[PDB]
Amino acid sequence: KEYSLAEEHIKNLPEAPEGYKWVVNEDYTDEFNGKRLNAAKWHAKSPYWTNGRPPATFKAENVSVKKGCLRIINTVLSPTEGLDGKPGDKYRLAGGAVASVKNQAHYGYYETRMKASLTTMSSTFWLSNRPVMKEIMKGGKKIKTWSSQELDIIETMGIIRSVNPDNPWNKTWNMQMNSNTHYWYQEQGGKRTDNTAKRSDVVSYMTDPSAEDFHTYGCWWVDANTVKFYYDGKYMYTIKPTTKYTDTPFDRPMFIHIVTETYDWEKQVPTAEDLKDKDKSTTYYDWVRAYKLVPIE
């Protein structure tokens, strides 16, 4: 009965193209309705992003499954830490970073029912992959280059504090469908460039306060050029990821990341008191559900 709720949820997906049908992808699907995180399917501590963005990192102990939800709680980290669990002054907050074990999630549909923590740390649901090396020539010099991709289905935080009055871009960030795509590109000796694309065919960015209730945040990753975002089952907008470096920028599969983090643009990170209420300091995921398109007959 581990996949029944997800099968039933096909009702709510966008209509499959003619000739095709939505099919549960078991590998990235979880109702979290058991007594623990399924260690066959998930890494409680992501092996991919090992040290968080200071001053928060990620601990396995901050990830649990209880009463129908994946719970990623934000806590004071004590003692303070440097890199890789060592003592140091880099980290004083602990969040969670969950990664699917398998990393072959490609074209298809991905969605979570999430309630954000009432906290200035992120509640997120996204996919990513690792960098792949490609050799290039300039004249007559070989240059190593690397690329990877990253698909952000939702980023929010429950509380907004650092609002520049002159540029209040993040004023309503807890009420906007913040989704995104990144084609990461780097040449050896050069800087890592974050290559982004504008939203197209827009219906809405408008969303409900992320910490007040559970909402549905979903992506139809249609093909290598096209990703479409859904809030509470309604189409929001499209992003065509940038073709700067390749005609087919999203032609590589990904793993799922489920992450609780701290951002440099919100320096009023949770204090001890901010995090004293455990319910409030927790991001809740009722489920994660993934689908594949398959020909009907």
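All residue numbers refer to positions in the sequence shown, first residue = 1.
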query: Between 257 to 265 and 66 to 74 (mean CA B-factor, as deposited), the higher; finding: 66 to 74
query: Residue range whose averaged C-alpha B-factor is higher in the record, 38 to 46 or 239 to 247; finding: 239 to 247
query: Residue, from 209, 108, 140, 96, that the PDB entry assigns the highest Cα B-factor; finding: 140
query: Among 104, 123, 180, 162 - the residue whose C-alpha B-factor is largest in the record; finding: 162
query: Relative C-alpha B-factor of residue 144, binned into the chain's lowest, middle or highest third; finding: highest
query: CA B-factor placement of residue 152, once the chain's modelled residues are sorted into thirds; finding: lowest
query: Relative C-alpha B-factor of residue 193, binned into the chain's lowest, middle or highest third; finding: highest
query: Assigned third (lowest, middle, highest) for the C-alpha B factor of residue 88; finding: highest
query: CA B-factor placement of residue 118, once the chain's modelled residues are sorted into thirds; finding: middle
